[PDB]
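Worksheet for the structure shown next.
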Amino acid sequence: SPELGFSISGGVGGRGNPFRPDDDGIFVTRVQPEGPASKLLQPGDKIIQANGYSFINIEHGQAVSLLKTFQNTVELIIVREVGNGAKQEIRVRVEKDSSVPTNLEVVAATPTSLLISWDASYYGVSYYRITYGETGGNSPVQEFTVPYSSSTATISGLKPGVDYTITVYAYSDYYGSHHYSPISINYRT
Amino acid sequence: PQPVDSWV
């Protein structure tokens with residue numbers, strides 16, 4: 001579970017980054033306002049070292065796993081374009097610091113579909129996964145994902161008069177290794 | 001699109 005208050009993209013073999021197409025480094029991507037990094041880091045900063053560990057040649061998951069194990073304060077060295085060619089190497093110190101989401105509800109229902117909602121939180125989440133299946137059933141769940149900016153989803157193709165269990169998972173990383181405690185409801189169509 | 005970032 002995140003406590004530095006920013007996201008990263010990039011890494012060798014990763015999904016790339018929105019700043020520099022041909023650079024496989026690690027880049028600060030979104031920064032939580034009023035979070036630990038808010039005065040110090042900005043989108044597009046390339047992380048080259050953290051607590052003495054090189055982030056050159058590192059894979060995405062390796063970077064995430066390293067950053068997550070660091071205790072308390074994290075010293076980062078980043079490269080920032082200022083930037084007509086011009087570059088700065090900046091050393092900063094960032095001090096780390098239920099379910100996600102909360103208040104899962106059905107807003108509207110038809111005999112074969114449900115519109116669900118949950119509380120919008122626009123930071124800390126890479127994407128949501130929504131699962132649904134017959135309550136107590138043994139078949140694999142059906143599922144889909146929605147972006148971090150969503151606080152509603154429509155579930156379609158349901159059987160009328162059947163009990164369903166609906167669960168929402170909020171993943172902090174894009175590769176789906178960490179989710180927060182999920183939230184579920186039961187609903188009968 | 002699918003995300004390309006992870007929170008730390």
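Quick note on naming: the chains in the structure tokens go A, B, ... in the order shown, residues restart at 1 in each chain, and ligands are numbered from 1 in order of appearance.
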
Query raised in the report: Do you know which residues are at most 7 Å from region 168-179 of chain A counting only C-alpha atoms, after dropping those on the same chain fewer than 4 positions away, and could you put them as a PyMOL selection string?
Result: (chain A and resi 100-101+124-131+183-184) or (chain B and resi 3-7)

So that I have them on file, write out the residues from the current selection with N, CA, C and O atoms, as a JSON list (two decimals), in the first residue's frame.
[["chain", "number", "residue", "atom", "x", "y", "z"],
["A", 100, "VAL", "N", -11.11, 0.15, -0.08],
["A", 100, "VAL", "CA", -11.07, 1.13, -1.17],
["A", 100, "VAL", "C", -11.68, 0.41, -2.35],
["A", 100, "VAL", "O", -11.26, -0.70, -2.64],
["A", 101, "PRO", "N", -12.73, 0.97, -2.96],
["A", 101, "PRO", "CA", -13.45, 2.17, -2.54],
["A", 101, "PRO", "C", -14.39, 1.93, -1.36],
["A", 101, "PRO", "O", -14.38, 0.85, -0.73],
["A", 124, "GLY", "N", -4.15, 7.36, -5.77],
["A", 124, "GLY", "CA", -3.80, 6.11, -5.13],
["A", 124, "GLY", "C", -4.24, 4.84, -5.84],
["A", 124, "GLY", "O", -3.92, 3.73, -5.37],
["A", 125, "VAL", "N", -4.99, 4.98, -6.94],
["A", 125, "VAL", "CA", -5.59, 3.86, -7.64],
["A", 125, "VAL", "C", -5.16, 3.87, -9.09],
["A", 125, "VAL", "O", -5.30, 4.90, -9.75],
["A", 126, "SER", "N", -4.64, 2.74, -9.56],
["A", 126, "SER", "CA", -4.25, 2.58, -10.97],
["A", 126, "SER", "C", -5.50, 2.29, -11.86],
["A", 126, "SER", "O", -5.68, 2.87, -12.95],
["A", 127, "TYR", "N", -6.34, 1.38, -11.38],
["A", 127, "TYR", "CA", -7.57, 0.99, -12.04],
["A", 127, "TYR", "C", -8.44, 0.21, -11.06],
["A", 127, "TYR", "O", -7.97, -0.25, -10.02],
["A", 128, "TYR", "N", -9.73, 0.11, -11.38],
["A", 128, "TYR", "CA", -10.67, -0.75, -10.68],
["A", 128, "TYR", "C", -11.03, -2.01, -11.48],
["A", 128, "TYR", "O", -11.12, -1.99, -12.71],
["A", 129, "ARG", "N", -11.19, -3.11, -10.75],
["A", 129, "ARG", "CA", -11.78, -4.33, -11.28],
["A", 129, "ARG", "C", -13.13, -4.58, -10.58],
["A", 129, "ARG", "O", -13.25, -4.50, -9.35],
["A", 130, "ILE", "N", -14.14, -4.86, -11.40],
["A", 130, "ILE", "CA", -15.49, -5.15, -10.94],
["A", 130, "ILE", "C", -15.76, -6.62, -11.25],
["A", 130, "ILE", "O", -15.56, -7.07, -12.39],
["A", 131, "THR", "N", -16.15, -7.37, -10.24],
["A", 131, "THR", "CA", -16.55, -8.76, -10.47],
["A", 131, "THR", "C", -17.99, -8.99, -10.05],
["A", 131, "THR", "O", -18.52, -8.34, -9.13],
["A", 183, "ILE", "N", -14.56, -4.17, -1.58],
["A", 183, "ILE", "CA", -15.91, -3.95, -1.02],
["A", 183, "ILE", "C", -16.89, -4.73, -1.88],
["A", 183, "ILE", "O", -16.75, -4.77, -3.11],
["A", 184, "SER", "N", -17.85, -5.38, -1.22],
["A", 184, "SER", "CA", -18.86, -6.17, -1.93],
["A", 184, "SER", "C", -20.26, -5.89, -1.44],
["A", 184, "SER", "O", -20.47, -5.45, -0.30],
["B", 3, "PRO", "N", -4.01, 1.67, -17.82],
["B", 3, "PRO", "CA", -3.06, 2.54, -17.16],
["B", 3, "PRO", "C", -1.62, 2.11, -17.42],
["B", 3, "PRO", "O", -1.34, 0.95, -17.70],
["B", 4, "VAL", "N", -0.71, 3.06, -17.29],
["B", 4, "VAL", "CA", 0.73, 2.75, -17.40],
["B", 4, "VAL", "C", 1.49, 3.09, -16.11],
["B", 4, "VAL", "O", 2.71, 2.95, -16.07],
["B", 5, "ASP", "N", 0.75, 3.47, -15.07],
["B", 5, "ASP", "CA", 1.34, 3.92, -13.81],
["B", 5, "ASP", "C", 0.91, 3.13, -12.59],
["B", 5, "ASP", "O", -0.14, 2.47, -12.58],
["B", 6, "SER", "N", 1.74, 3.21, -11.55],
["B", 6, "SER", "CA", 1.52, 2.51, -10.31],
["B", 6, "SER", "C", 1.81, 3.47, -9.16],
["B", 6, "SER", "O", 2.84, 4.14, -9.18],
["B", 7, "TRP", "N", 0.95, 3.45, -8.15],
["B", 7, "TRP", "CA", 1.12, 4.31, -6.96],
["B", 7, "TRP", "C", 2.05, 3.71, -5.94],
["B", 7, "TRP", "O", 2.02, 2.49, -5.67]]

As a PDB file with N, CA and C atoms, in the first residue's frame, please: the residues near residue 161 (chain A) (cut-off 12 Å, only C-alpha atoms, same-chain neighbours under 5 positions excluded).
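Written out: around_7.pdb:
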ATOM      1  N   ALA A 109     -31.587   0.116 -11.340  1.00  0.00           N
ATOM      2  CA  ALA A 109     -31.649  -1.276 -11.728  1.00  0.00           C
ATOM      3  C   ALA A 109     -32.786  -1.493 -12.698  1.00  0.00           C
ATOM      4  N   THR A 110     -32.565  -2.442 -13.596  1.00  0.00           N
ATOM      5  CA  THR A 110     -33.585  -2.981 -14.481  1.00  0.00           C
ATOM      6  C   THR A 110     -33.572  -4.475 -14.216  1.00  0.00           C
ATOM      7  N   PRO A 111     -34.513  -5.222 -14.822  1.00  0.00           N
ATOM      8  CA  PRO A 111     -34.476  -6.668 -14.616  1.00  0.00           C
ATOM      9  C   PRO A 111     -33.189  -7.370 -15.021  1.00  0.00           C
ATOM     10  N   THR A 112     -32.405  -6.803 -15.946  1.00  0.00           N
ATOM     11  CA  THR A 112     -31.152  -7.448 -16.378  1.00  0.00           C
ATOM     12  C   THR A 112     -29.872  -6.617 -16.170  1.00  0.00           C
ATOM     13  N   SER A 113     -29.948  -5.500 -15.450  1.00  0.00           N
ATOM     14  CA  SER A 113     -28.771  -4.623 -15.365  1.00  0.00           C
ATOM     15  C   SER A 113     -28.804  -3.806 -14.081  1.00  0.00           C
ATOM     16  N   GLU A 134     -23.290 -15.191  -9.456  1.00  0.00           N
ATOM     17  CA  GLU A 134     -24.414 -15.624  -8.623  1.00  0.00           C
ATOM     18  C   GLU A 134     -23.917 -15.947  -7.219  1.00  0.00           C
ATOM     19  N   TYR A 187     -27.080  -8.239  -4.317  1.00  0.00           N
ATOM     20  CA  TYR A 187     -28.265  -7.600  -4.865  1.00  0.00           C
ATOM     21  C   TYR A 187     -29.061  -8.591  -5.659  1.00  0.00           C
ATOM     22  N   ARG A 188     -30.372  -8.533  -5.501  1.00  0.00           N
ATOM     23  CA  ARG A 188     -31.254  -9.362  -6.298  1.00  0.00           C
ATOM     24  C   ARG A 188     -32.000  -8.566  -7.334  1.00  0.00           C
ATOM     25  N   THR A 189     -31.875  -9.039  -8.563  1.00  0.00           N
ATOM     26  CA  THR A 189     -32.403  -8.379  -9.716  1.00  0.00           C
ATOM     27  C   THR A 189     -33.938  -8.373  -9.706  1.00  0.00           C
TER      28      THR A 189
END

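When only C-alpha atoms are used to compute distances to residue 72 (chain A), the closest of the residues A:3, A:15, A:118, A:136 turns out to be A:3.
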
Requested in this report: At a cut-off of 10 Å, list the chain A residues touching chain B, using only C-alpha atoms, as a ChimeraX atom specification.
Outcome: /A:1-10,14-18,26-32,60-61,63-68,96,123-127,145-148,171-176,178

If we count only C-alpha atoms and set the cut-off at 10 Å, which residues sit around residue 54 (chain A), ignoring sequence neighbours fewer than 6 positions away in its own chain? Please answer as a PDB file with N, CA, C and O atoms, in the first residue's frame.
ATOM      1  N   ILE A  47      13.241   9.362 -12.199  1.00  0.00           N
ATOM      2  CA  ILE A  47      13.933   8.900 -10.972  1.00  0.00           C
ATOM      3  C   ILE A  47      15.151   8.088 -11.384  1.00  0.00           C
ATOM      4  O   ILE A  47      15.020   7.056 -12.062  1.00  0.00           O
ATOM      5  N   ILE A  48      16.337   8.525 -10.978  1.00  0.00           N
ATOM      6  CA  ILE A  48      17.559   7.749 -11.249  1.00  0.00           C
ATOM      7  C   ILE A  48      18.164   7.029 -10.022  1.00  0.00           C
ATOM      8  O   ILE A  48      18.989   6.143 -10.170  1.00  0.00           O
ATOM      9  N   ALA A  63      11.046  -1.445  -9.413  1.00  0.00           N
ATOM     10  CA  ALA A  63      11.023  -0.081  -8.861  1.00  0.00           C
ATOM     11  C   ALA A  63       9.935   0.059  -7.800  1.00  0.00           C
ATOM     12  O   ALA A  63      10.155   0.630  -6.694  1.00  0.00           O
ATOM     13  N   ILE A  77      16.727  10.930  -6.174  1.00  0.00           N
ATOM     14  CA  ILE A  77      17.444  11.774  -7.087  1.00  0.00           C
ATOM     15  C   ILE A  77      16.725  11.675  -8.426  1.00  0.00           C
ATOM     16  O   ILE A  77      16.532  10.580  -8.968  1.00  0.00           O
TER      17      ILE A  77
END

**Report entry** Atomic separation - CA of residue 149 (chain A) relative to CA of residue 46 (chain A), Å
**Finding:**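 CA of residue 149 (chain A) lies at a distance of 24.6 Å from CA of residue 46 (chain A).
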
Report task. Just the residues within 12 Å of residue 108 (chain A), please, counting only C-alpha atoms, with nothing from its chain fewer than 6 positions along; format it as a list in words. Result -> residues 114, 115, 116, 117, 152, 153, 154, 155, 156, 187 and 189 of chain A

Query - DSSP helix (DSSP H, G or I) residues within chain A, listed as a list in words - result: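 Matching residues for helix (DSSP H, G or I) in chain A are residues 60, 61, 62, 63, 64, 65, 66, 67, 68 and 69 of chain A.
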